[PDB]
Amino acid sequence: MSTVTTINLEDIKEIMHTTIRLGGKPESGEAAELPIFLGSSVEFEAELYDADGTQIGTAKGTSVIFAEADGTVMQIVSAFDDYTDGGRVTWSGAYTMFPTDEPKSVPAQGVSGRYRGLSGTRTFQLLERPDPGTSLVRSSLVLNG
């Protein structure tokens, strides 16, 4: 709950390369013996820019689609940011999928560099998909502690 130090990174421009798999019913192996489904998944790598076009870091992570008990469609992500000043911020959580163009967020944790020991929120919002491989995302990071 303590918020002695604040880090507030706003207006991050996140150019994200998305590798997308459809998923579905497993085709072979051990998994085909079970009544499971492989969720659609997004493996992503992104460059992070400030509003001047200066790179401030990179991000990397995986998202998978699932549904909550009432049937609300969700995505779960595990990811981290590496910033140019030499520290890492992890972020992971579940967020509602629809609408796909509203802001999403999950909790974030600073693990090294100036971020260490600080916690808060990583946000991301899809602005456009210039091609099936690419997402232009507007992001922000708020950490305190």
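Residue numbers run from 1 along the displayed sequence.
Taking only CA atoms, the mean B-factor in the PDB entry is higher for 20-28 than for the other of 120-128 and 20-28. Of the two segments examined, 29-37 and 55-63, it is 29-37 that shows the higher average Cα temperature factor in the deposited entry. Each of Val42, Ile76, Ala108, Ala69 has a CA temperature factor in the record; the biggest one is found at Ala69. For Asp81, the recorded CA temperature factor ranks within the lowest third of the chain's modelled residues. When the modelled residues of the chain are ordered by their C-alpha B factor, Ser140 lands in the middle third.
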